[PDB]
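Reproduced below: final.pdb, with PDB, C-alpha atoms.
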ATOM      1  CA  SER A   1      78.841 -42.982 -18.296  1.00  0.00           C
ATOM      2  CA  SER A   2      75.818 -41.207 -16.779  1.00  0.00           C
ATOM      3  CA  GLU A   3      76.031 -37.634 -15.446  1.00  0.00           C
ATOM      4  CA  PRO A   4      74.501 -35.599 -18.338  1.00  0.00           C
ATOM      5  CA  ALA A   5      75.343 -31.968 -19.079  1.00  0.00           C
ATOM      6  CA  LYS A   6      72.937 -29.043 -18.578  1.00  0.00           C
ATOM      7  CA  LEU A   7      69.454 -30.511 -19.047  1.00  0.00           C
ATOM      8  CA  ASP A   8      66.605 -27.992 -19.036  1.00  0.00           C
ATOM      9  CA  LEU A   9      65.109 -27.700 -15.559  1.00  0.00           C
ATOM     10  CA  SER A  10      61.810 -26.301 -14.311  1.00  0.00           C
ATOM     11  CA  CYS A  11      63.503 -23.278 -12.741  1.00  0.00           C
ATOM     12  CA  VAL A  12      66.496 -21.769 -14.487  1.00  0.00           C
ATOM     13  CA  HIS A  13      67.096 -18.111 -15.279  1.00  0.00           C
ATOM     14  CA  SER A  14      68.859 -19.180 -18.499  1.00  0.00           C
ATOM     15  CA  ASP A  15      69.320 -15.527 -19.576  1.00  0.00           C
ATOM     16  CA  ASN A  16      72.915 -15.652 -18.295  1.00  0.00           C
ATOM     17  CA  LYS A  17      72.497 -15.080 -14.569  1.00  0.00           C
ATOM     18  CA  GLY A  18      74.305 -15.962 -11.406  1.00  0.00           C
ATOM     19  CA  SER A  19      73.839 -15.120  -7.753  1.00  0.00           C
ATOM     20  CA  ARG A  20      76.268 -13.682  -5.256  1.00  0.00           C
ATOM     21  CA  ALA A  21      76.527 -16.109  -2.366  1.00  0.00           C
ATOM     22  CA  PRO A  22      78.999 -18.585  -0.811  1.00  0.00           C
ATOM     23  CA  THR A  23      79.662 -21.604  -2.965  1.00  0.00           C
ATOM     24  CA  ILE A  24      79.027 -24.319  -0.430  1.00  0.00           C
ATOM     25  CA  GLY A  25      81.730 -26.957  -0.524  1.00  0.00           C
ATOM     26  CA  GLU A  26      83.027 -27.493  -4.041  1.00  0.00           C
ATOM     27  CA  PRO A  27      81.290 -27.133  -7.448  1.00  0.00           C
ATOM     28  CA  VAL A  28      80.334 -30.010  -9.726  1.00  0.00           C
ATOM     29  CA  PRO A  29      81.568 -29.728 -13.336  1.00  0.00           C
ATOM     30  CA  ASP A  30      79.993 -31.261 -16.428  1.00  0.00           C
ATOM     31  CA  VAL A  31      76.679 -31.702 -14.644  1.00  0.00           C
ATOM     32  CA  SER A  32      73.107 -30.961 -15.541  1.00  0.00           C
ATOM     33  CA  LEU A  33      70.634 -28.457 -14.136  1.00  0.00           C
ATOM     34  CA  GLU A  34      68.763 -31.423 -12.763  1.00  0.00           C
ATOM     35  CA  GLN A  35      71.952 -33.007 -11.446  1.00  0.00           C
ATOM     36  CA  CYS A  36      73.106 -29.734  -9.915  1.00  0.00           C
ATOM     37  CA  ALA A  37      69.607 -29.311  -8.504  1.00  0.00           C
ATOM     38  CA  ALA A  38      70.159 -32.709  -6.929  1.00  0.00           C
ATOM     39  CA  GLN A  39      73.506 -31.392  -5.700  1.00  0.00           C
ATOM     40  CA  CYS A  40      71.858 -28.618  -3.707  1.00  0.00           C
ATOM     41  CA  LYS A  41      69.595 -31.289  -2.287  1.00  0.00           C
ATOM     42  CA  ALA A  42      72.695 -33.290  -1.363  1.00  0.00           C
ATOM     43  CA  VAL A  43      74.329 -30.406   0.493  1.00  0.00           C
ATOM     44  CA  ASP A  44      72.672 -28.968   3.593  1.00  0.00           C
ATOM     45  CA  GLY A  45      72.685 -25.234   3.912  1.00  0.00           C
ATOM     46  CA  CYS A  46      71.841 -24.645   0.272  1.00  0.00           C
ATOM     47  CA  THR A  47      68.931 -22.541  -0.894  1.00  0.00           C
ATOM     48  CA  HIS A  48      69.896 -22.031  -4.501  1.00  0.00           C
ATOM     49  CA  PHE A  49      72.549 -22.909  -7.007  1.00  0.00           C
ATOM     50  CA  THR A  50      74.262 -21.607 -10.081  1.00  0.00           C
ATOM     51  CA  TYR A  51      74.731 -23.820 -13.089  1.00  0.00           C
ATOM     52  CA  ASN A  52      77.291 -22.528 -15.427  1.00  0.00           C
ATOM     53  CA  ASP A  53      76.043 -23.522 -18.867  1.00  0.00           C
ATOM     54  CA  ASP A  54      79.436 -22.610 -20.314  1.00  0.00           C
ATOM     55  CA  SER A  55      81.606 -24.492 -17.799  1.00  0.00           C
ATOM     56  CA  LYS A  56      78.763 -26.859 -16.969  1.00  0.00           C
ATOM     57  CA  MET A  57      79.813 -26.404 -13.367  1.00  0.00           C
ATOM     58  CA  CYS A  58      77.449 -26.491 -10.399  1.00  0.00           C
ATOM     59  CA  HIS A  59      77.905 -23.780  -7.799  1.00  0.00           C
ATOM     60  CA  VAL A  60      75.704 -24.633  -4.802  1.00  0.00           C
ATOM     61  CA  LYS A  61      75.113 -21.504  -2.760  1.00  0.00           C
ATOM     62  CA  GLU A  62      73.711 -20.302   0.534  1.00  0.00           C
ATOM     63  CA  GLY A  63      70.497 -18.469   1.407  1.00  0.00           C
ATOM     64  CA  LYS A  64      68.927 -15.634  -0.610  1.00  0.00           C
ATOM     65  CA  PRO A  65      69.653 -15.172  -4.345  1.00  0.00           C
ATOM     66  CA  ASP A  66      71.632 -12.227  -5.613  1.00  0.00           C
ATOM     67  CA  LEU A  67      71.279 -12.148  -9.362  1.00  0.00           C
ATOM     68  CA  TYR A  68      73.863 -10.524 -11.595  1.00  0.00           C
ATOM     69  CA  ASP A  69      75.130 -10.765 -15.181  1.00  0.00           C
ATOM     70  CA  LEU A  70      76.738 -14.192 -15.558  1.00  0.00           C
ATOM     71  CA  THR A  71      77.438 -15.265 -19.149  1.00  0.00           C
ATOM     72  CA  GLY A  72      76.002 -18.748 -19.593  1.00  0.00           C
ATOM     73  CA  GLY A  73      74.973 -18.473 -16.004  1.00  0.00           C
ATOM     74  CA  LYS A  74      71.940 -20.395 -14.943  1.00  0.00           C
ATOM     75  CA  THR A  75      70.787 -19.638 -11.414  1.00  0.00           C
ATOM     76  CA  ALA A  76      67.616 -20.780  -9.672  1.00  0.00           C
ATOM     77  CA  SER A  77      66.224 -21.962  -6.348  1.00  0.00           C
ATOM     78  CA  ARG A  78      66.933 -25.467  -5.035  1.00  0.00           C
ATOM     79  CA  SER A  79      63.256 -26.086  -5.601  1.00  0.00           C
ATOM     80  CA  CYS A  80      61.313 -25.174  -8.720  1.00  0.00           C
ATOM     81  CA  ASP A  81      58.165 -26.552  -7.124  1.00  0.00           C
ATOM     82  CA  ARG A  82      55.265 -24.131  -7.061  1.00  0.00           C
ATOM     83  CA  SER A  83      52.816 -26.381  -5.244  1.00  0.00           C
ATOM     84  CA  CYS A  84      52.929 -24.106  -2.200  1.00  0.00           C
ATOM     85  CA  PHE A  85      52.580 -20.920  -4.256  1.00  0.00           C
ATOM     86  CA  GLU A  86      49.438 -18.865  -4.721  1.00  0.00           C
ATOM     87  CA  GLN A  87      48.919 -17.691  -8.290  1.00  0.00           C
ATOM     88  CA  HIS A  88      47.333 -14.363  -9.210  1.00  0.00           C
ATOM     89  CA  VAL A  89      47.787 -12.606  -5.883  1.00  0.00           C
ATOM     90  CA  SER A  90      49.972  -9.701  -4.831  1.00  0.00           C
ATOM     91  CA  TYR A  91      51.120  -8.427  -1.467  1.00  0.00           C
ATOM     92  CA  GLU A  92      52.701  -4.977  -1.765  1.00  0.00           C
ATOM     93  CA  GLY A  93      51.320  -2.661   0.880  1.00  0.00           C
ATOM     94  CA  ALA A  94      52.904  -5.022   3.379  1.00  0.00           C
ATOM     95  CA  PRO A  95      56.257  -3.897   4.843  1.00  0.00           C
ATOM     96  CA  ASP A  96      59.010  -5.546   2.847  1.00  0.00           C
ATOM     97  CA  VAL A  97      61.412  -7.896   4.535  1.00  0.00           C
ATOM     98  CA  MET A  98      63.789  -8.184   1.591  1.00  0.00           C
ATOM     99  CA  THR A  99      64.921  -6.325  -1.500  1.00  0.00           C
ATOM    100  CA  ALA A 100      62.929  -7.208  -4.619  1.00  0.00           C
ATOM    101  CA  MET A 101      64.650  -9.278  -7.258  1.00  0.00           C
ATOM    102  CA  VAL A 102      64.390  -9.641 -11.008  1.00  0.00           C
ATOM    103  CA  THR A 103      64.263 -13.298 -12.011  1.00  0.00           C
ATOM    104  CA  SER A 104      62.387 -15.361 -14.590  1.00  0.00           C
ATOM    105  CA  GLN A 105      61.168 -17.851 -11.993  1.00  0.00           C
ATOM    106  CA  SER A 106      59.035 -17.622  -8.879  1.00  0.00           C
ATOM    107  CA  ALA A 107      61.477 -20.197  -7.530  1.00  0.00           C
ATOM    108  CA  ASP A 108      64.206 -17.644  -6.831  1.00  0.00           C
ATOM    109  CA  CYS A 109      61.796 -15.570  -4.753  1.00  0.00           C
ATOM    110  CA  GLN A 110      61.040 -18.783  -2.858  1.00  0.00           C
ATOM    111  CA  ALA A 111      64.703 -19.385  -2.029  1.00  0.00           C
ATOM    112  CA  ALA A 112      64.951 -15.725  -1.104  1.00  0.00           C
ATOM    113  CA  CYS A 113      62.110 -15.697   1.378  1.00  0.00           C
ATOM    114  CA  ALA A 114      62.521 -19.262   2.632  1.00  0.00           C
ATOM    115  CA  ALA A 115      66.124 -18.466   3.498  1.00  0.00           C
ATOM    116  CA  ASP A 116      65.300 -15.364   5.491  1.00  0.00           C
ATOM    117  CA  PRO A 117      64.338 -15.671   9.183  1.00  0.00           C
ATOM    118  CA  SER A 118      62.134 -12.591   9.009  1.00  0.00           C
ATOM    119  CA  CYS A 119      60.390 -13.400   5.736  1.00  0.00           C
ATOM    120  CA  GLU A 120      56.864 -14.807   5.554  1.00  0.00           C
ATOM    121  CA  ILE A 121      55.652 -14.365   2.004  1.00  0.00           C
ATOM    122  CA  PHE A 122      56.816 -13.403  -1.459  1.00  0.00           C
ATOM    123  CA  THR A 123      55.360 -12.573  -4.861  1.00  0.00           C
ATOM    124  CA  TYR A 124      56.742 -13.090  -8.332  1.00  0.00           C
ATOM    125  CA  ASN A 125      55.685 -10.785 -11.130  1.00  0.00           C
ATOM    126  CA  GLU A 126      55.412 -13.187 -14.040  1.00  0.00           C
ATOM    127  CA  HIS A 127      55.211 -10.062 -16.173  1.00  0.00           C
ATOM    128  CA  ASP A 128      58.120  -7.939 -14.979  1.00  0.00           C
ATOM    129  CA  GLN A 129      60.071 -11.032 -14.004  1.00  0.00           C
ATOM    130  CA  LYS A 130      60.267  -9.695 -10.470  1.00  0.00           C
ATOM    131  CA  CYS A 131      60.144 -10.884  -6.876  1.00  0.00           C
ATOM    132  CA  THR A 132      58.794  -9.097  -3.811  1.00  0.00           C
ATOM    133  CA  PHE A 133      59.176 -10.057  -0.150  1.00  0.00           C
ATOM    134  CA  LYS A 134      56.819  -8.988   2.616  1.00  0.00           C
ATOM    135  CA  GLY A 135      56.453  -9.796   6.286  1.00  0.00           C
ATOM    136  CA  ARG A 136      53.701 -10.341   8.839  1.00  0.00           C
ATOM    137  CA  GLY A 137      50.597  -8.269   8.220  1.00  0.00           C
ATOM    138  CA  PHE A 138      50.580  -9.189   4.550  1.00  0.00           C
ATOM    139  CA  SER A 139      46.991 -10.442   4.790  1.00  0.00           C
ATOM    140  CA  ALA A 140      45.685  -6.880   5.093  1.00  0.00           C
ATOM    141  CA  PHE A 141      47.686  -5.836   2.061  1.00  0.00           C
ATOM    142  CA  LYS A 142      46.744  -8.879   0.031  1.00  0.00           C
ATOM    143  CA  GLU A 143      45.324  -8.615  -3.475  1.00  0.00           C
ATOM    144  CA  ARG A 144      43.532 -11.629  -4.939  1.00  0.00           C
ATOM    145  CA  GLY A 145      43.114 -11.935  -8.686  1.00  0.00           C
ATOM    146  CA  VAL A 146      46.287 -10.157  -9.732  1.00  0.00           C
ATOM    147  CA  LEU A 147      47.382 -10.928 -13.270  1.00  0.00           C
ATOM    148  CA  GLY A 148      51.027 -11.606 -13.832  1.00  0.00           C
ATOM    149  CA  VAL A 149      52.008 -12.471 -10.279  1.00  0.00           C
ATOM    150  CA  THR A 150      52.565 -15.539  -8.154  1.00  0.00           C
ATOM    151  CA  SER A 151      52.880 -15.428  -4.383  1.00  0.00           C
ATOM    152  CA  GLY A 152      54.173 -17.851  -1.799  1.00  0.00           C
ATOM    153  CA  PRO A 153      53.432 -17.706   1.941  1.00  0.00           C
ATOM    154  CA  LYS A 154      55.718 -20.635   2.697  1.00  0.00           C
ATOM    155  CA  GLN A 155      59.193 -22.106   2.286  1.00  0.00           C
ATOM    156  CA  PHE A 156      60.581 -24.284  -0.510  1.00  0.00           C
ATOM    157  CA  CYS A 157      57.423 -26.141  -1.626  1.00  0.00           C
ATOM    158  CA  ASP A 158      59.524 -29.307  -1.917  1.00  0.00           C
ATOM    159  CA  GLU A 159      62.007 -28.706   0.899  1.00  0.00           C
ATOM    160  CA  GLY A 160      59.899 -27.073   3.608  1.00  0.00           C
ATOM    161  CA  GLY A 161      56.658 -25.425   2.590  1.00  0.00           C
TER     162      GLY A 161
END
How does the structure come out when it is put into structure tokens?
Amino acid sequence: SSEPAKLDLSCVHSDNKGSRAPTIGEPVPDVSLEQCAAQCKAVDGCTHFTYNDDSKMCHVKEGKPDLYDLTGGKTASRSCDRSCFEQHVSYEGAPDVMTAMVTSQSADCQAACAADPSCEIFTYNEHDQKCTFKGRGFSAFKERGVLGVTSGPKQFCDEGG
């Protein structure tokens, strides 16, 4: 009958997390992470989604993540692609453009920054499971060779960057 339920994706918080944001249109129940990921690619205006692993429902959402405790919640960016990311590099001295986030994927930081009109780069602490978002002038406050971080000076690597 096709349409499989919650199949492990590249980017998914998995540790029961959702994100506060407008559910664009209507959710898709009994779908997969991959299928719901395809859903956010089907709807324009979507930066990230929330797969409910309990209700297997797909909540496509609008720009910038907003993680919170969601039982069975699986939230991630519309793109788990990291082809446009820069590994082992941290921008911190740079003036932030967004509030840092705690996620287990550099993807969420991507959807965060790529959704913001004033955001240029981001960095994901692969250690602390954290995001950081910094604006223009980041090059002066750039650290190369930083263990446990992944940066991205572009949009969704698959959808823009």
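Distance check against residue 109 of chain A using all atoms listed in the file: of A:64, A:56, A:74, A:136, the minimum falls on A:64.
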Query raised in the report: Mind pulling up the distance from atom CA of residue 5 of chain A to atom CA of residue 115 of chain A?
Result: 27.9 Å
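Shell of segment 118-128 of chain A at 6 Å, with only C-alpha atoms counted and residues fewer than 2 places along the chain excluded, is residues 97, 106, 113, 116, 130, 131, 132, 133, 134, 135, 148, 149, 150, 151, 152 and 153 of chain A.
Between residue 53 of chain A and the residues A:80, A:7, A:100, A:37, the shortest atom-to-atom distance, using only C-alpha atoms, involves A:7.
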Requested in this report: Can you give me, as a PyMOL selection string, the residues this file yields under the PyMOL selection byres ((chain A and resi 66) around 9)?
Outcome: chain A and resi 18-21+64-65+67-68+101+112
Using only C-alpha atoms, which protein or nucleic acid residues come within 9 Å of residue 72 of chain A? Drop anything in the same chain fewer than 4 positions from it, and give the result as a PDB file with C-alpha atoms, in the frame of the given file.
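The resulting file, part.pdb, is reproduced below:
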ATOM      1  CA  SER A  14      68.859 -19.180 -18.499  1.00  0.00           C
ATOM      2  CA  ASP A  15      69.320 -15.527 -19.576  1.00  0.00           C
ATOM      3  CA  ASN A  16      72.915 -15.652 -18.295  1.00  0.00           C
ATOM      4  CA  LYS A  17      72.497 -15.080 -14.569  1.00  0.00           C
ATOM      5  CA  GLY A  18      74.305 -15.962 -11.406  1.00  0.00           C
ATOM      6  CA  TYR A  51      74.731 -23.820 -13.089  1.00  0.00           C
ATOM      7  CA  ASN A  52      77.291 -22.528 -15.427  1.00  0.00           C
ATOM      8  CA  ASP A  53      76.043 -23.522 -18.867  1.00  0.00           C
ATOM      9  CA  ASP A  54      79.436 -22.610 -20.314  1.00  0.00           C
ATOM     10  CA  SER A  55      81.606 -24.492 -17.799  1.00  0.00           C
ATOM     11  CA  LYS A  56      78.763 -26.859 -16.969  1.00  0.00           C
TER      12      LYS A  56
END
Report task. Between atom CA of residue 161 of chain A and atom CA of residue 86 of chain A, measure the distance and give it in Å to one decimal. Result -> 12.2 Å
**Report entry** Interatomic distance, atom CA of residue 111 of chain A to atom CA of residue 9 of chain A (Å, one decimal)
**Finding:** 15.9 Å
Determine the axis-aligned bounding box of all atoms of segment 129-143 of chain A present in the file, pad each side by 6 Å, and express its centre and edge lengths in Å to one decimal place as AutoDock Vina command-line options.
--center_x 52.8 --center_y -8.4 --center_z -2.6 --size_x 26.9 --size_y 17.2 --size_z 34.8
Query raised in the report: Hey, what comes out of the PyMOL selection byres ((chain A and resi 157) around 6) on this file? Could you write it as a ChimeraX atom specification?
Result: /A:81,83-84,155-156,158-161
**Report entry** Hits of the PyMOL selection byres ((chain A and resi 2) around 12) in this structure, as JSON, numbers by chain
**Finding:** {"A": [1, 3, 4, 5, 30, 31, 32, 35]}
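Each of A:93, A:63, A:22, A:145 was checked against residue 117 of chain A using all atoms listed in the file; the smallest atom-to-atom distance is that of A:63.
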Query raised in the report: Taking (83.8, -32.6, -9.2) in the file's coordinates, which residues come within 12 Å, counting all atoms listed in the file, written as a PyMOL selection string?
Result: chain A and resi 3+25-31+36+39+56-59
Written file, previous selection with C-alpha atoms, as a PDB file, keeping the file's coordinate frame:
ATOM      1  CA  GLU A   3      76.031 -37.634 -15.446  1.00  0.00           C
ATOM      2  CA  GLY A  25      81.730 -26.957  -0.524  1.00  0.00           C
ATOM      3  CA  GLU A  26      83.027 -27.493  -4.041  1.00  0.00           C
ATOM      4  CA  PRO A  27      81.290 -27.133  -7.448  1.00  0.00           C
ATOM      5  CA  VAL A  28      80.334 -30.010  -9.726  1.00  0.00           C
ATOM      6  CA  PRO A  29      81.568 -29.728 -13.336  1.00  0.00           C
ATOM      7  CA  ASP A  30      79.993 -31.261 -16.428  1.00  0.00           C
ATOM      8  CA  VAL A  31      76.679 -31.702 -14.644  1.00  0.00           C
ATOM      9  CA  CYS A  36      73.106 -29.734  -9.915  1.00  0.00           C
ATOM     10  CA  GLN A  39      73.506 -31.392  -5.700  1.00  0.00           C
ATOM     11  CA  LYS A  56      78.763 -26.859 -16.969  1.00  0.00           C
ATOM     12  CA  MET A  57      79.813 -26.404 -13.367  1.00  0.00           C
ATOM     13  CA  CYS A  58      77.449 -26.491 -10.399  1.00  0.00           C
ATOM     14  CA  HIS A  59      77.905 -23.780  -7.799  1.00  0.00           C
TER      15      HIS A  59
END
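Candidate residues A:73, A:129, A:138, A:110 were compared for distance to residue 96 of chain A, and the nearest is A:138, using all atoms listed in the file.
Proximity ranking of A:146, A:46, A:60, A:24 relative to residue 114 of chain A places A:46 first, based on all atoms listed in the file.
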Query - Near-residue 40 of chain A list (8 Å; only C-alpha atoms; drop same-chain fewer than 5 positions) as a PyMOL selection string - result: chain A and resi 46-49+60-61+78
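Distances from A:107, A:38, A:89, A:94 to residue 12 of chain A were compared using all atoms listed in the file, and the smallest one belongs to A:107.
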